[PDB]
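Here's the structure we're looking at; comments come further down.
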Amino acid sequence: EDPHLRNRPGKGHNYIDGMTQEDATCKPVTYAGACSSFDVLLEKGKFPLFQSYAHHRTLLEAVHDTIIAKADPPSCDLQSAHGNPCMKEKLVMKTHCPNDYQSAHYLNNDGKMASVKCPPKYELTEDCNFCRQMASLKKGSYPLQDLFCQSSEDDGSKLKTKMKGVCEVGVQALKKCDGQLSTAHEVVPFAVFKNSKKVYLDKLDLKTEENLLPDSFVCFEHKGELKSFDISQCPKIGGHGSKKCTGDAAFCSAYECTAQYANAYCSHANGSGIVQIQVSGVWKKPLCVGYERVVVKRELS
Amino acid sequence: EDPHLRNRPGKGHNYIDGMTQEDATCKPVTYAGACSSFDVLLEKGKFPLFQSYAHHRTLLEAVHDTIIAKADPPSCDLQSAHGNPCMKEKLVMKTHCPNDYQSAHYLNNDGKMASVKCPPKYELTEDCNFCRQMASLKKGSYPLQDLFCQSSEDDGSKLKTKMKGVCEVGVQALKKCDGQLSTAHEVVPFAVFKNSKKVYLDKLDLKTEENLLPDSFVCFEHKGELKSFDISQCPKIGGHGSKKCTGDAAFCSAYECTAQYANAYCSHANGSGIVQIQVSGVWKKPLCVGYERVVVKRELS
Amino acid sequence: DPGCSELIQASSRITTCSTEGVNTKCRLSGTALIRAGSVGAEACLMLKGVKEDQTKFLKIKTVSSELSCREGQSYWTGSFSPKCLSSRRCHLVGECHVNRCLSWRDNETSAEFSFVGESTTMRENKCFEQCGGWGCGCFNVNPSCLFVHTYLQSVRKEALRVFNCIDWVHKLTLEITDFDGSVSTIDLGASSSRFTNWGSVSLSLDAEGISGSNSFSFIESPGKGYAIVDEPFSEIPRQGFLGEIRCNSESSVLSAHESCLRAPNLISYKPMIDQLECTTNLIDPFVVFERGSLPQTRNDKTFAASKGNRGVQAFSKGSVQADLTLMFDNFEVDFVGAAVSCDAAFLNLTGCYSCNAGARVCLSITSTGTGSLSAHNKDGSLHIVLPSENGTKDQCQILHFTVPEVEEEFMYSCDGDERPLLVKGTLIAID
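What follows is the structure, given as structure tokens:
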């Protein structure tokens, strides 16, 4: 079912600094909104991870939540001069950027929001590396990775990519291989915690923990229809809060219903729970976990 | 709806006190008129018990016929947070009803007649528990309970709810549960007596006595106004009676059929007759037996 | 208790050494076979690079010998309580007929009992007949109909999973310790293989097993001990036997879901005009759970539960003879130089020789920093791996010898510099 394919908890901002052209509409991102930087993630047949975690936040919202740093510059220019830092990681990837797009955002090695752009009128190629002159022109960006973030506070700066067989993946130089080097493009996951680097993984094992959480509720705004409304404003049992909101029975059993004083109809849903990760044998809360499409360099015996 | 089932014996009044804005089409209840306090009772797939038993009375009709007393207050003014008596009796009930409503009546704990009230211009939510602000509203009162009323004076005040391992169900406060209870929404029938309480029954046995008794048939004034007409005043086979009456083979098998000389019309359809029920191991004649979906708290751990 | 029994060396054909940042590291990518120890013994693996002071131990601690069971067919069962409802209707009234109630379908809900709604519960729809006339509440001379709607629900707040075992797998509960210090607890049975952070491990030889388990069924209880039944597995539910109502999950039994099975013509009925008494003779497995509660002495073994993981096992008083297969998939092994130095002293020595118990060594490690003491003899056949920290602590492991007069000199080194050390102590003959 998933009746909350476009609901975004918290803020909801999805725009890269420096390349802002559709922010006048996607702030916030509602059901009737139009943003090319987020509709690509909802496409059926591209990123199944976000399809499964449809009720979960992403990376840009984590950048706008003041819980992770951003890259400088956040919008790299492809037509400036020699010395572009957003090339050693983009050229090693293997993606397929469709037409009618001139921007692409991803996650760098430092765990910051690093993106590229192209001034009009120049669109990307079939892989999004170079650029050429070409129907329409979307005023957003194209997602290159398939990752997701949340409100994690676990530290992970004392970790490092511990992979076997692979000699050098992405832009991190693990160990030096002197034997036969195999060049192939595979899918290698990564894990970025609070103030850490891009720590790659081998076997990602997620875990869902949903046991009465405040983020597992959606308040439908009263409209005569359907309209999004912020759920992070309902008080507790006899407590205090910002605005007023009520629901049926499951939503009113944990919060306070003000009858006619409320202008929102809450319900009961899931998907925005606490997501765990398997690393170092201890379950932790990841902050920037997903998958990569870079080249894999393995050492053969 | 079915216009043939709109005949209501007795006075046939369906209106709540305080908000008498809907009484032009529901006082009395005839074949014509547009009132939401009775058209919702004839919907297919909603209240089948009223369709099976349509020759008896309802709740308000029993109140206006000196059968069920009125509560205090009769109309719960839903204009404040808690405080009013019509609060905990409604939060524990789970009834589905469409929008565009205003008033609603149900059965309380003391077996009286309790209801709510929404001053203009307010409406109800998708469940009827709370209210909100906002097409045209229905001035009628949506019945929350699916029970039938009958004329009887059977004694029974020392009988309460006696289920099997149930903590708190509906508006009854049985025994406490120190452990973890099983909170679920189930449909458990109820039964009210003369000056008693809401008695729930798990193992119900319905009795239908339809024979030569005067209360086993139904009749109304009609040619060969629409009120009730007793059958004992009809003529006998080969004798003389006060008022004539006609009918089909069931009515003509015991009495006579005068057709042009009949001042009423009797029939034998599914919906009338003396009905009993099992309680305390014996047979007693109830006054209002229906089906409701409340919160059933069963034992677990 | 620590103590590496078997000692092997890494071959040069599967070891790749290099140097990154003035640090001689090795890469293991092969297969090393070693014999598994008994109860308490271990199987350490030391890494050797281009020098002699660089040594990375790979301790694998063996807990005890276990005999796990391979679960095949399984089903949930438990006690229930029938709750039937009756509603008699007159003849030619709605659906009251003399020929319809007799041939009524069980998978069809009439309009009389359709007042509740949707409910996923093992329910049935019967069809009984009664008498007519005004003596019981009827108008027509033809007989009336008595529709019965009975649904089954759980009366007890617990369920039991009855399963069986097709073969007893000798599971070896191991405890593999990584090179950096990460301790992992895994298990290997017969020829099963697990996955770790450094590769994979499996077995090679397993000469221990109990035959004859298809004629025995086990019962799982939510943390209240298991049970054993002396009868073959029940695959066809019928009346008069333990196992007539089954399902597929615990929630399907505790909440009574319609995804289970039951014996037909089991719920008895007592039609009495308008009365109904739903009484069933359900076989309660609690009596069998009480009369056959584990432990139960059978033949010459001991059947009980299991620790850590939920499952059934079997205790055996035999020898432990098995091997170990260590697989490597290009794992990086580094060595920074251990830590600081430290002084060692001998305490006592007791135990046995040429037996599965071993000899317990007593050592007193006195250092100032957190590290690990790595000792060795003269011929390279014995090693001592004990933790070290700031202070005077008493440590030791399990050693094996073939002579009651142990007179072997050891060479312990806290960070690279070796020191002479002589141990002694008598032993007793045991196997």
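Residue numbers (the entry's author numbering), protein chains in the order written: chain G, 154 to 287, 290 to 379, 393 to 469; chain I, 154 to 287, 290 to 379, 393 to 469; chain J, 688 to 1118. Where is the CB? At the ideal position from N, CA and C, for every residue including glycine.
Contacts that residue i makes with chain I (C-beta to C-beta distance below 8 Å)
i	result
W821 of chain J	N366 and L367
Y433 of chain G	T278, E279 and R285
Proximal chain J residues relative to residue i, where beta-carbon distance stays under 7 Å
i	result
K331 of chain G	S705 and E707
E467 of chain G	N1017
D357 of chain I	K770
Check: residue i C-beta below 7 Å from any heavy atom of the ligand NAP
i	result
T1037 of chain J	Of ligands this structure carries none, so the ligand NAP is not represented either.
Closest Cα partner of residue i within the set the options
i	options	result
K748 of chain J	J:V870, J:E805, J:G820 and J:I923	J:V870
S351 of chain I	I:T363, I:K313, I:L361 and I:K358	I:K313
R1106 of chain J	J:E693, J:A1031, J:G1056 and J:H1087	J:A1031
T426 of chain I	I:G441, I:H408, I:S440 and I:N160	I:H408
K353 of chain I	I:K404, I:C239, I:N261 and I:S228	I:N261
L394 of chain I	I:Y433, I:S400 and I:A437	I:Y433
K453 of chain I	I:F303, I:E376, I:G406 and I:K465	I:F303
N952 of chain J	J:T837, J:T702, J:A1044 and J:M733	J:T837
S936 of chain J	J:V709, J:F928, J:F850 and J:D865	J:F850
C-alpha gap between residue i and residue j, whole angstroms
i	j	result
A894 of chain J	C756 of chain J	16 Å
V373 of chain G	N431 of chain G	13 Å
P909 of chain J	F973 of chain J	13 Å
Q300 of chain I	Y259 of chain I	5 Å
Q174 of chain I	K293 of chain I	10 Å
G264 of chain I	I169 of chain I	17 Å
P1091 of chain J	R714 of chain J	40 Å
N829 of chain J	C947 of chain J	39 Å
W791 of chain J	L754 of chain J	53 Å
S396 of chain I	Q962 of chain J	33 Å
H249 of chain G	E279 of chain G	6 Å
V443 of chain I	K317 of chain I	21 Å
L367 of chain I	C413 of chain I	16 Å
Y429 of chain I	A418 of chain I	19 Å
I897 of chain J	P156 of chain G	54 Å
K1004 of chain J	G804 of chain J	59 Å
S878 of chain J	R997 of chain J	21 Å
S448 of chain I	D793 of chain J	30 Å
Buried versus exposed call for residue i [16 or more other C-beta atoms within 10 Å across all chains shown]
i	result
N167 of chain I	buried
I445 of chain G	buried
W451 of chain I	exposed
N160 of chain G	buried
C818 of chain J	exposed
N986 of chain J	exposed
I853 of chain J	exposed
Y254 of chain G	buried
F990 of chain J	buried
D370 of chain G	buried
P251 of chain I	exposed
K358 of chain G	exposed
Chain-ordered chain J contacts of residue i [CB-CB under 8 Å]
i	result
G449 of chain G	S869, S871 and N884
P238 of chain I	The contacting residues do not exist; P238 of chain I stays about 29 Å from chain J at best.
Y459 of chain I	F802 and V803
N252 of chain I	The contacting residues do not exist; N252 of chain I stays about 21 Å from chain J at best.
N262 of chain I	By Cβ distance, chain J contributes nothing, its closest Cβ being about 22 Å from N262 of chain I, past 8 Å.
Chain G residues whose Cβ lies nearer than 9 Å to that of residue i
i	result
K247 of chain I	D416 and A417
Listed by chain order, chain I residues near residue i by CB distance under 7 Å
i	result
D961 of chain J	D360 and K362
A427 of chain G	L231, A234, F283 and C284
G379 of chain G	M287
Chain J contact residues for residue i, given Cβ-Cβ distances below 9 Å
i	result
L202 of chain I	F802
7 Å Cβ cut-off: residues of chain G touching residue i
i	result
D1016 of chain J	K319 and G320
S716 of chain J	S469
Within chain I, partners of residue i - CB distance below 9 Å
i	result
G781 of chain J	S205 and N438
**Study point:** Unbroken stretches of the beta strand (DSSP E), 3 residues or longer, contained in the stretch 245-271 of chain I
**Key:** 256-260 and 266-270
Point to revise | Ordered list of alpha helix (DSSP H) runs contained in the stretch 393-445 of chain I, each at least 4 residues | key: 417-422
**Study point:** Every unbroken alpha helix (DSSP H) inside the stretch 174-233 of chain I [4 residues or more]
**Key:** 189-192, 201-205 and 213-216
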